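Asks: Pasting an experimental structure, sequence included:
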Amino acid sequence: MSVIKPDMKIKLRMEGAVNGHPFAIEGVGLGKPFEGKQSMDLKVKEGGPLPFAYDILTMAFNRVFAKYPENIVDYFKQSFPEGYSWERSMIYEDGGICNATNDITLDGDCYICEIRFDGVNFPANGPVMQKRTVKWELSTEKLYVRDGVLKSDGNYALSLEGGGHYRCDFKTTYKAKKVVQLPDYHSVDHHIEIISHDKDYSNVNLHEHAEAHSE
């Protein structure tokens with residue numbers, strides 16, 4: 001509790017590859033852990049202009065920024081100052097698959113995030129490589145306990161240019177770096193949005209709003 005403040009800073013770096021194309025992105029941000037809101041400025045440092053849709057990256061760019069009611073255990077605010085890491089697979093319906101990890105530490109009032117992101121098998125004719133995505137729809141993450149850690153699933157969808165949706169299945173494992181109380185089964189609704197961007201998304205402002213529920 002005492003380590004989590006109403007306003008806290010974010011620093012992150014992402015390294016990765018999509019279809020073998022390497023890149024690196026750094027971010028600085030700000031968030032309100034109790035109101036479940038955060039914003040960040042992201043700059044592509046290497047591998048730009050990115051030849052794939054930026055939207056496959058945005059949910060990789062921290063569940064401490066989610067509004068939790070008093071009747072649901074908060075795995076994430078419990079884990080600090082030591083922090084926690086996660087592991088995630090994102091399986092798109094045309095066979096592209098992204099794996100990603102994130103190690104989250106706290107230094108003072110600033111979350112430090114190291115992200116590895118690796119996607120493969122995106123077809124050259126598909127919405128990702130041709131940059132035909134518009135936005136993520138509202139995403140409901142379902143969290144449950146297995147083997148003493150916290151897992152989650154999600155059936156998410158990107159709306160496309162010209163209509164229709166592009167489905168992706170998310171599978172996440174969360175691992176706190178210290179012993180914490182484990183929550184019951186519950187949900188978190190996420191709204192993610194690219195607020196601003198330049199010509200080739202070398203500069204992007206990203207916003208997220210997340211709230212937890214269980215009834």
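Replies: Good, I have the coordinates. Numbers count the residues shown, from 1 in each chain.
Asks: Next one: residue 55 from residue 19, what distance?
Replies: Distance, residue 55 to residue 19, using Cβ to Cβ, to the nearest Å: 16 Å. Just so you know, the C-beta spots here come from the backbone N, C-alpha and C atoms, and that holds for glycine as well.
Asks: neighbour count winner among the two?
Replies: residue 55 (21 against 16; other Cβ atoms under 10 Å).
Asks: Ramachandran angles for the nearest residue to the more buried one once chain neighbours are set aside?
Replies: Spatial nearest neighbour of residue 55, excluding adjacent residues (Cβ to Cβ, 6 or more residues apart in numbering): residue 133 at 4.5 Å. Residue 133 adopts backbone torsions of phi -100, psi 150, taken as degrees, to the nearest 10.
Asks: next one: residue 55
Replies: Note on residue 55: backbone dihedrals following degrees, to the nearest 10 are phi -60, psi -20.
Asks: quick one: contacts for it?
Replies: 133, 135, 136, 158, 194 (Cβ atoms under 8 Å, 6 or more residues apart in numbering).
Asks: Buried only: go through these for me.
Replies: 133, 136, 158, 194 (16 or more other Cβ atoms under 10 Å).
Asks: ok, the residues you listed vs residue 73, which is closest?
Replies: Nearest to residue 73 among those is residue 136, at 26.7 Å by Cβ to Cβ.
Asks: Can you get me a residue count around the closest residue to the closest one other than its chain neighbours?
Replies: Setting aside the residues directly before and after it, residue 136 is nearest to residue 192 in space (Cβ to Cβ, 6+ apart), at 5.3 Å. Residue neighbour count, defined by other Cβ under 10 Å, stands at 19 for residue 192.
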